[PDB]
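Okay, structure first, notes after.
With ideal geometry, Cβ positions are generated from the backbone for all residues, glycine too; neighbour counts draw on all protein chains shown. Since every read-out is calculated from the coordinates, none of them should be taken as a lab result.
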Amino acid sequence: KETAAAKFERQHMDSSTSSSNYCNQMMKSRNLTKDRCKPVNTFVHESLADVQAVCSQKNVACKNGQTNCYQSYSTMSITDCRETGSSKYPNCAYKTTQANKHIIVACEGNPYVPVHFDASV
């Protein structure tokens, strides 16, 4: 039934790609529209190793006040998925926006790996 690290990979990792229909396909294929249309989500187009490496990079405060968040030293290729107004469950519609920004992830466990995508700056 998935571990926290595995869930992060399913919800936020897409190393395969470096379209306008991307989010519609991805949000559905990654099961992010089963219980409802997940409002917003971010996919990272970098290797798993490079993202896991962020856990040893810049320590920053998490949006929730916890101290286990880390910001990438280099910018990363990411895709932001935001639900449109016309989007009505179960036909979830999203706007695909590409960008190159630094990512902030929360890390936990042994091995210390990403378990939550906190923000992109």
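What the table shows:
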item	result
Partners for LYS28 among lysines (Cα-Cα distance below 18 Å; same-chain residues under 8 apart left out)	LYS7, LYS38, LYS88, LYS95
Within the chain, percent of DSSP bridges classed antiparallel, to nearest 5	95
Cα-centre dipole for the chain with unit charges at Cβ (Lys and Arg positive, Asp and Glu negative), debye to 20	440
Principal semi-axes in Å for the chain [√(5λ), Cα gyration tensor, largest first]	24, 15, 13
Residue order, fewest to most surrounding Cβ atoms within 10 angstrom, among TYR94, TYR112, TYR73, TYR22	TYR73, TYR112, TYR22, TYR94
Nonlocal amide H pairs with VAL115, under 5 Å, H built at 1.01 Å	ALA106, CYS107, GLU108
Calculated from backbone phi, Karplus (6.51, -1.76, 1.60) coupling profile of the range 75-83 in Hz, x at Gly/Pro	6, 10, 7, 9, 10, 9, 10, 10, 5
